[PDB]
There are 2 protein chains.
Amino acid sequence: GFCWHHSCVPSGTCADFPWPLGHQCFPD
Amino acid sequence: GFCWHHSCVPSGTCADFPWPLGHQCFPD
């Protein structure tokens with residue numbers, strides 16, 4: 001997961017970012 | 001901006017993260 005700007009997402013989250021990141025997941 | 005997985009997206013980009021983080025943009 002991670003925390004951004006006062007909210008967090010859990011382990012195993014993925015999200016679509018602009019390129020060059022594209023689809024990324026957040027193991028912690 | 002936002003850096004992850006050896007890449008960065010530029011200032012002024014956004015992404016949809018799961019609740020509760022939701023829709024966020026990346027000032028730097």
# chains A, B, ... in the order shown; residues from 1 in each chain; ligands from 1
$ closest_atom_pairs --of "chain B" --to "chain A" --cutoff "6 Å" --atoms "only C-alpha atoms" --output "CSV"
residue,atom,partner,partner_atom,distance
B:15,CA,A:17,CA,5.5
B:17,CA,A:15,CA,5.7
B:21,CA,A:7,CA,5.2
$ write_last_selection --atoms "C-alpha atoms" --output "tab-separated table (two decimals), in the first residue's frame"
chain	number	residue	atom	x	y	z
B	15	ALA	CA	-5.17	8.82	-11.18
B	17	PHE	CA	-7.13	5.04	-6.62
B	21	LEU	CA	-7.99	7.63	-1.59
$ select_by_dssp --residues "chain A" --states "strand (DSSP E or B)" --output "list in words"
residues 2, 3, 4, 7, 8, 9, 13, 14, 15, 16, 23, 24, 25 and 26 of chain A
